[PDB]
Amino acid sequence: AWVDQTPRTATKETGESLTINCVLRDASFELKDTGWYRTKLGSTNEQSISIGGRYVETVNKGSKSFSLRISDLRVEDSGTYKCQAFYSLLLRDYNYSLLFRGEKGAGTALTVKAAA
Amino acid sequence: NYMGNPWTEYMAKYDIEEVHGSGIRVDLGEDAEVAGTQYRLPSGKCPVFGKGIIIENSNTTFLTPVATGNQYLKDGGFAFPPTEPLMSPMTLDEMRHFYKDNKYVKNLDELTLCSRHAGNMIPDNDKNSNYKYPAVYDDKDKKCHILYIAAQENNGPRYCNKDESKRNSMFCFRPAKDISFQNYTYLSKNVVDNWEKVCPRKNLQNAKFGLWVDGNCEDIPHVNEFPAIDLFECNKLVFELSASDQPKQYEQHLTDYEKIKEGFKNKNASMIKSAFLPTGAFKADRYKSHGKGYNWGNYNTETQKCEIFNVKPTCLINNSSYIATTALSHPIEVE
């Protein structure tokens with residue numbers, strides 16, 4: 001499988017809004033869980049985003065898609081965002097399940113500037 | 001005046017403390033956090049050719065899935081239990097198919113693919129944990145086996161000594177280059193994708209390690225000499241004396257702090273979770289070799305002597321009675 005991430009690039013003004021959509025495409029298993037990662041413009045270190053506050057995730061498990069909406073955009077939001085899919089694995093008995101790290105989108109290069 | 005060395009580039013891959021950076025006999029070079037608790041794990045940048053784990057007093061081999069009470073054995077081994085769908089063990093063609101939509105991953109060499117594949121197993125439903133499991137690849141099967149147990153030795157001869165001895169023991173084992181592990185490679189989560197160029201593999205026929213001194217390759221000054229009927233035995237010896245990350249203060253009746261110290265994560269009931277943790281003047285680093293040990297040997301095929309040493313070599317001497325070997329190297333293969 002692969003994860004279809006849009007948009008590739010975003011140039012936004014401070015205060016505006018951004019939605020990153022991701023879709024799990026040709027995937028044998030279902031979307032079990034999701035994660036979001038970002039490399040800030042300045043760093044080379046991809047880091048875990050903490051969902052909450054202005055960062056709002058919707059997950060559509062039926063249609064194997066998920067999205068991150070960032071509102072009241074700040075310059076500090078600038079960077080490349082990647083979403084990640086996780087699949088499930090049942091041990092041949094149970095009742096414990098086990099996550100598997102799936103595919104990752106190609107990213108969103110977000111630039112946030114103020115007016116001038 | 002000039003103090004360079006034209007051997008420098010060629011010899012980088014024998015600078016084991018640099019390319020590898022972790023233990024070799026026993027690799028627990030990094031610590032990762034899982035669900036709040038910190039565990040030790042392998043972190044070697046190079047593949048360890050020939051290495052596996054020998055389980056003492058058991059029929060069961062180490063690539064047999066861990067004990068769950070199902071398909072493979074009872075008492076079991078070190079490998080991930082069967083799953084739906086089955087991620088472990090997995091063949092080369094099977095991996096290349098699973099990652100077929102991923103251009104980088106689908107073209108990786110078999111060994112880096114296996115480490116990467118293993119890297120995808122989530123520890124204890126922790127989504128953002130740096131903890132990744134090691135793995136063993138078998139060139140005969142072409143099978144990547146993911147390791148659920150990341151510990152590499154537990155055998156203090158107070159409980160373990162016959163091969164199990166007393167009334168209520170659990171798991172005695174040690175790393176080895178058994179003749180039956182010859183096709184095996186031990187792979188940490190960190191095995192680099194360019195290993196076949198920066199890591200040792202094949203032993204060097206008609207070569208002896210030396211030191212570059214005054215524009216000249218001289219013998220290694222201080223070596224220890226052991227009897228070795230063949231190259232395999234010299235390799236086993238170098239591997240026995242190589243960089244170790246084992247808690248060299250080994251315990252008796254295992255406490256939970258000492259369990260974690262050996263690279264145990266799960267007592268299988270749940271997770272092993274320390275309530276007091278490592279505290280005081282410890283650093284938390286007293287058992288990180290960072291690749292420091294007796295990682296090299298000069299095998300003399302004529303005297304049957306395995307000349308073993310703990311300084312990195314900085315050139316090669318041409319000598320027909322010698323094979324240059326490292327603890328990472330294949331036990332048998334010569335070039």
# chains A, B, ... in the order shown; residues from 1 in each chain; ligands from 1
>>> residues_around(residues="residue 239 of chain B", least_positions_apart="4", cutoff="9 Å", atoms="only C-alpha atoms", output="MDAnalysis selection string")
chainID B and resid 24:25 51 176:177 234:235 243 294:296 326:328
>>> interface_residues(of="chain B", to="chain A", cutoff="9 Å", atoms="only C-alpha atoms", output="list in words")
residues 68, 70, 81, 82, 83, 84, 85, 86, 87, 98, 99, 100, 101, 102, 119, 120, 121, 122, 123, 124, 125, 126, 127 and 128 of chain B
>>> residues_around(residues="residue 115 of chain A", least_positions_apart="2", cutoff="8 Å", atoms="only C-alpha atoms", output="compact mmCIF listing (two decimals) with N, CA, C and O atoms, in the first residue's frame")
# COMPACT_ATOMS: atom_id res chain seq x y z
N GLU A 13 -1.17 32.51 5.18
CA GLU A 13 -0.95 33.69 6.00
C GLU A 13 -1.29 33.37 7.46
O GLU A 13 -2.19 32.57 7.71
N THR A 14 -0.58 33.98 8.41
CA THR A 14 -0.92 33.81 9.82
C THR A 14 -2.41 33.98 10.06
O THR A 14 -3.03 34.90 9.52
N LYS A 113 3.50 32.71 6.64
CA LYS A 113 4.04 34.05 6.77
C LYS A 113 2.95 34.99 7.24
O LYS A 113 1.77 34.72 7.04
>>> closest_residue(among="B:31, B:233, B:302, B:138", to="residue 331 of chain B", atoms="only C-alpha atoms")
B:233
>>> atom_distance(atom1="atom CA of residue 5 of chain B", atom2="atom CA of residue 48 of chain B")
27.9 Å
>>> closest_residue(among="A:9, A:67, A:21, A:58", to="residue 79 of chain A", atoms="only C-alpha atoms")
A:9
>>> atom_distance(atom1="atom CA of residue 37 of chain B", atom2="atom CA of residue 279 of chain B")
14.2 Å
>>> closest_residue(among="A:32, A:114, A:19, A:6", to="residue 74 of chain A", atoms="only C-alpha atoms")
A:114
>>> atom_distance(atom1="atom CA of residue 39 of chain A", atom2="atom CA of residue 32 of chain B")
21.0 Å
>>> closest_residue(among="A:80, A:12, A:71, A:61", to="residue 45 of chain A", atoms="only C-alpha atoms")
A:80
>>> select_by_dssp(residues="segment 160-309 of chain B", states="strand (DSSP E)", output="NGL selection string")
:B and (173-176 or 184-187 or 204-213 or 216-219 or 224-227 or 296-300 or 305-309)
>>> select_by_dssp(residues="segment 157-289 of chain B", states="alpha helix (DSSP H)", output="list in words")
residues 195, 196, 197, 198, 231, 232, 233, 234, 235, 236, 237, 238, 239, 240, 241, 256, 257, 258, 259, 260 and 261 of chain B
>>> write_last_selection(atoms="N, CA and C atoms", output="short mmCIF file (atom, residue, chain, number, x, y, z; two decimals), in the first residue's frame")
data_model
loop_
_atom_site.label_atom_id
_atom_site.label_comp_id
_atom_site.auth_asym_id
_atom_site.auth_seq_id
_atom_site.Cartn_x
_atom_site.Cartn_y
_atom_site.Cartn_z
N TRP B 195 25.79 -1.04 4.33
CA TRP B 195 26.68 -1.94 5.07
C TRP B 195 27.71 -2.67 4.21
N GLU B 196 27.32 -3.07 3.00
CA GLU B 196 28.21 -3.89 2.18
C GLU B 196 29.42 -3.11 1.69
N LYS B 197 29.51 -1.85 2.11
CA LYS B 197 30.62 -0.99 1.72
C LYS B 197 31.38 -0.40 2.93
N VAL B 198 30.70 -0.30 4.07
CA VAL B 198 31.27 0.28 5.30
C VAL B 198 31.36 -0.73 6.44
N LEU B 231 39.78 -21.49 10.66
CA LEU B 231 39.35 -20.10 10.66
C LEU B 231 38.06 -19.88 11.47
N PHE B 232 37.12 -20.82 11.32
CA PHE B 232 35.88 -20.77 12.05
C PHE B 232 36.17 -20.62 13.54
N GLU B 233 37.14 -21.39 14.05
CA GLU B 233 37.42 -21.40 15.49
C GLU B 233 38.08 -20.10 15.94
N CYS B 234 38.89 -19.53 15.07
CA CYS B 234 39.46 -18.24 15.36
C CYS B 234 38.37 -17.17 15.36
N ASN B 235 37.41 -17.28 14.45
CA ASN B 235 36.30 -16.32 14.41
C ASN B 235 35.45 -16.41 15.67
N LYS B 236 35.10 -17.62 16.07
CA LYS B 236 34.42 -17.86 17.33
C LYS B 236 35.16 -17.23 18.51
N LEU B 237 36.49 -17.36 18.53
CA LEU B 237 37.30 -16.77 19.61
C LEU B 237 37.25 -15.24 19.62
N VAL B 238 37.42 -14.62 18.45
CA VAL B 238 37.34 -13.17 18.34
C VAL B 238 35.97 -12.67 18.78
N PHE B 239 34.93 -13.39 18.36
CA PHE B 239 33.54 -13.07 18.71
C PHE B 239 33.28 -13.22 20.21
N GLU B 240 33.90 -14.22 20.83
CA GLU B 240 33.80 -14.40 22.28
C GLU B 240 34.41 -13.24 23.08
N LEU B 241 35.46 -12.62 22.52
CA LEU B 241 36.22 -11.58 23.21
C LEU B 241 35.87 -10.16 22.74
N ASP B 256 13.85 -7.48 39.02
CA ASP B 256 13.30 -6.78 37.85
C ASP B 256 14.23 -5.73 37.23
N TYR B 257 15.02 -5.06 38.07
CA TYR B 257 16.03 -4.11 37.62
C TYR B 257 17.14 -4.83 36.84
N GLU B 258 17.51 -6.01 37.32
CA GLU B 258 18.51 -6.82 36.64
C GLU B 258 17.96 -7.54 35.41
N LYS B 259 16.65 -7.81 35.40
CA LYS B 259 15.98 -8.34 34.21
C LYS B 259 16.08 -7.34 33.04
N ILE B 260 15.67 -6.09 33.28
CA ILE B 260 15.75 -5.02 32.29
C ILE B 260 17.20 -4.80 31.83
N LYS B 261 18.15 -4.86 32.78
CA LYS B 261 19.57 -4.64 32.50
C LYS B 261 20.12 -5.64 31.48
#
>>> residues_around(residues="residue 264 of chain B", least_positions_apart="3", cutoff="8 Å", atoms="only C-alpha atoms", output="JSON, numbers by chain")
{"B": [39, 40, 149, 150, 151, 259, 260, 261, 267, 272]}
>>> residues_around(residues="segment 62-65 of chain A", least_positions_apart="5", cutoff="8 Å", atoms="only C-alpha atoms", output="count of residues only")
7
